[PDB]
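Worksheet: the structure to be examined is printed underneath.
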Amino acid sequence: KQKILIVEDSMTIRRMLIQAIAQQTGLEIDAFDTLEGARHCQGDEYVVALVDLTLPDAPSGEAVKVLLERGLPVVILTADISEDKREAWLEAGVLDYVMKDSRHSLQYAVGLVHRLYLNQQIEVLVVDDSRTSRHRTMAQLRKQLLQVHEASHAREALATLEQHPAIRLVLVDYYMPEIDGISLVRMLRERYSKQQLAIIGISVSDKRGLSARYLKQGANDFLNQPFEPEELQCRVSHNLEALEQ
Amino acid sequence: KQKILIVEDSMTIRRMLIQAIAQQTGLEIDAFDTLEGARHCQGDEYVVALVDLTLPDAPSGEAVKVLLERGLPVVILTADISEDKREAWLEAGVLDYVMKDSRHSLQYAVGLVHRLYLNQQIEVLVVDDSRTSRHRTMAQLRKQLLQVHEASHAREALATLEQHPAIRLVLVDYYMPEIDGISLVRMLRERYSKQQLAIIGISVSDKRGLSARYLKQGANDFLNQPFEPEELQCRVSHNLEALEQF
Ligand SMILES: [Mg+2]
Ligand SMILES: [Mg+2]
Ligand SMILES: [Mg+2]
Ligand SMILES: [Mg+2]
């Protein structure tokens with residue numbers, strides 16, 4: 001998919017977004033000032049929809065549910081944020097939100113739609129012996145439009161990598177039965193450079209240098225648990241962009 | 001400074017390091033199998049010295065102090081690490097340590113020296129109202145060979161950036177009186193894009209979702225306190241590389 005949907009009645013915001021996405025990403029764009037303009041829009045044509053909560057024919061966020069139910073991933077455009085609003089949106093299945101209170105916050109949308117577009121073709125692997133942790137991380141990576149493989153043990157991870165050599169990034173949990181995180185990182189790096197297979201080591205900063213041990217064994221990066229979805233997206237995106245650049 | 005010193009008696013390891021550093025960095029390399037061989041090397045010519053603890057004439061790590069006192073920054077080459085071993089080193093003046101138990105672990109030194117070379121010409125700013133955290137972060141960054149400016153509050157940060165436009169990366173503490181970290185980030189971003197001035201937001205990871213707040217305000221990155229030096233080095237390196245390549 002090569003097209004971005006924007007539904008936003010502010011002439012200024014809509015134009016800022018079209019100009020920026022057009023110039024920086026070269027992606028196709030449909031932009032409407034009403035939910036009614038976006039009526040023909042189906043999920044299979046758009047990477048993602050950037051959706052205002054203040055539309056003339058949907059003044060209280062109604063466009064969000066409407067577009068989610070047509071199969072469009074949605075990123076909410078918002079002037080305000082709160083803990084309650086964040087939780088509500090994320091519960092309804094919204095991918096993310098973008099602050100539109102300033103031009104620099106609005107710029108977040110531009111890097112995001114470019115990232116989401118590139119992610120569509122990218123295979124990643126989560127390796128974690130905690131089902132709860134594994135499923136949370138997978139869900140969150142799936143909301144980045146990545147194709148996400150799952151493994152509950154290093155043995156499974158190694159087997160999945162052999163079967164799917166398109167996987168380009170692996171997130172690695174530190175403590176697992178038989179073969180722990182650092183040990184799996186050593187095994188992978190005995191075969192693959194940081195440019196062939198990016199590795200993010202999942203750590204805790206309440207240990208005696210787990211992140212350090214990851215890096216000295218050739219992990220591209222670290223991420224400490226517990227982590228927010230916004231932290232995950234930031235860290236994954238960077239490492240994916242390192243691979244492309 | 002564009003030269004590197006290597007003092008390592010393993011033929012295999014020294015040659016691996018020479019090959020990789022010659023191939024992947026623009027650095028000149030002087031390598032020796034004994035400390036005596038490196039006698040006349042002067043501190044002002046070398047970016048860093050990669051230093052074995054097991055040398056024929058310094059079998060218990062004596063070469064580290066010797067080269068430190070010649071004004072060379074030192075990265076230790078070690079076959080095995082403990083928490084007790086990184087203990088005595090960093091409190092002596094070591095830049096970092098590199099594991100030499102495998103080819104892939106050696107490769108960390110390659111990336112490191114390349115980055116240490118590049119960091120010499122790069123200016124950064126630490127903004128933090130806590131004296132100890134501000135001083136430690138400054139010390140750690142200085143160990144990455146960066147040129148490091150400090151600010152105790154947003155007002156001083158801004159004045160510093162005005163006086164030193166070469167600064168390309170700011171690390172911003174969240175809790176500061178009068179003007180907080182997110183407010184400073186907002187002011188900086190009204191003028192400068194993520195490509196013009198990199199911003200790493202430092203916070204504690206709790207219920208306020210501060211990391212998220214930084215990112216949505218245009219911070220390039222986040223780092224949660226408390227953090228280890230390798231964590232800061234990793235983060236700063238990634239952001240500097242982003243400015244150079246993305
Ligand atoms: Mg509106
Ligand atoms: Mg585990
Ligand atoms: Mg030796
Ligand atoms: Mg503070």
Side-chain angles (χ1 to χ4, degrees), chain A residues 78 81 83 86-87 96-109 111 185-194 201 203 205 207 209-235 237-239 241-242 244-245, chain B residues 78 81-82 84 86 96-109 111-112 185-194 205 207-235 237-239 241-242 244-246:
Chain A
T78 181
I81 194 57
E83 297 176 67
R86 198 181 148 269
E87 228 97 80
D96 205 353
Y97 68 98
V98 168
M99 300 305 308
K100 60 150 165 180
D101 63 313
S102 62
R103 172 73 185 80
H104 66 265
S105 54
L106 222 217
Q107 187 59 34
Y108 189 103
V185 172
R186 174 194 51 87
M187 284 179 75
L188 299 170
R189 284 279 172 265
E190 288 191 316
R191 297 184 79 189
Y192 310 112
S193 72
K194 282 177 173 180
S203 45
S205 211
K207 264 166 192 62
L210 199 87
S211 301
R213 291 190 69 237
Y214 269 126
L215 301 163
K216 287 167 183 334
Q217 294 301 134
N220 296 66
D221 213 344
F222 70 96
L223 180 73
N224 292 299
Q225 253 156 359
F227 54 82
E228 299 293 302
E230 293 94 333
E231 291 173 342
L232 178 74
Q233 184 179 262
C234 173
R235 192 70 17 106
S237 300
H238 172 83
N239 282 283
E241 191 166 6
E244 289 145 1
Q245 302 288 270
Chain B
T78 184
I81 189 66
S82 78
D84 288 340
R86 197 201 186 257
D96 207 352
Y97 72 94
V98 165
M99 303 294 281
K100 53 172 185 159
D101 55 353
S102 74
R103 180 48 189 92
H104 72 256
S105 82
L106 274 179
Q107 180 75 30
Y108 178 82
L112 179 53
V185 172
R186 306 195 301 272
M187 289 183 63
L188 287 179
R189 275 289 173 259
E190 288 193 309
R191 288 182 93 180
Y192 306 116
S193 67
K194 281 179 162 209
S205 190
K207 80 178 274 192
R208 242 96 187 215
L210 290 171
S211 275
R213 278 182 73 199
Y214 274 130
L215 295 165
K216 296 287 161 66
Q217 291 288 342
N220 295 73
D221 209 345
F222 71 92
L223 184 55
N224 299 313
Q225 248 170 346
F227 55 82
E228 287 286 291
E230 302 87 344
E231 285 170 328
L232 179 72
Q233 181 167 236
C234 184
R235 288 269 66 66
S237 289
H238 278 295
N239 288 85
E241 162 95 342
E244 295 155 4
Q245 305 295 348
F246 290 14

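A note on names: the letters A, B, ... follow the listed sequences, proteins ahead of strands, and every chain is numbered from 1.
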Test item: B:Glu244 and A:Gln245 side chains (from C-beta on) under 4.5 Å apart, heavy atoms = no

key: Choice from A:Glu244, A:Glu241, A:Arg189, A:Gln107 maximising heavy atom contacts with chain B below 4.5 Å   = A:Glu241

task = If the plane angle is over 60° it's perpendicular, under 30° parallel, otherwise tilted; pick one for A:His238 and B:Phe246.
result = tilted

inquiry  = Any heavy-atom pair between the side chains of A:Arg213 and B:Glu230 that's under 4.5 Å?
reply    = no

ask   = Can you find a side-chain donor-acceptor pair between A:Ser205 and B:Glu231 that sits under 3.5 Å?
value = yes

ask   = Considering only heavy atoms, which portion of A:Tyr97 lies under 4.5 Å from any heavy atom of chain B: side chain, backbone, both, or neither?
value = both

message = Before you tell me yes or no, could you show the steps for A:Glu228 and B:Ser211 under side chain to side chain donor-acceptor pair (under 3.5 Å), namely the whole-Å CA-CA distance, both residues' side-chain angles and the distance that decides it to 0.1 Å?
response = CA-CA 8 Å; A:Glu228 299 293 302; B:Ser211 275; over 6 Å; no

ask   = Between B:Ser237, B:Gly111, B:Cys234, which shows the greatest number of heavy-atom pairs under 4.5 Å with chain A?
value = B:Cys234

request  = Select one option (side chain, backbone, both, neither) describing which atoms of A:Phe222 are under 4.5 Å from chain B's heavy atoms.
outcome  = both

ask   = If you tally heavy-atom pairs under 4.5 Å against chain B, which of A:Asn220, A:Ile81, A:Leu215 wins?
value = A:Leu215

key: Donor on one side chain, acceptor on other, B:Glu190 and A:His104, under 3.5 Å   = no

key: Salt bridge present between B:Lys216 and A:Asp96 (N-O < 4.0 angstrom)   = yes

key: Which portion of B:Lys194 sits near chain A, non-hydrogen atoms under 4.5 angstrom   = neither

request  = Would you mind telling me which of A:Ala242, A:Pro226, A:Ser102 has the largest number of heavy-atom pairs within less than 4.5 Å of chain B?
outcome  = A:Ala242

query = Which bit of A:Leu232 comes within less than 4.5 Å of chain B, counting heavy atoms only: side chain, backbone, both or neither?
reply = neither

query = A:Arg186 versus chain B, heavy atoms under 4.5 Å apart: side chain, backbone, both or neither?
reply = both

inquiry  = Quick check on A:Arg103: does its CZ atom have over 12 non-hydrogen neighbours (other residues, nucleotides or ligands) under 6.0 Å away?
reply    = yes

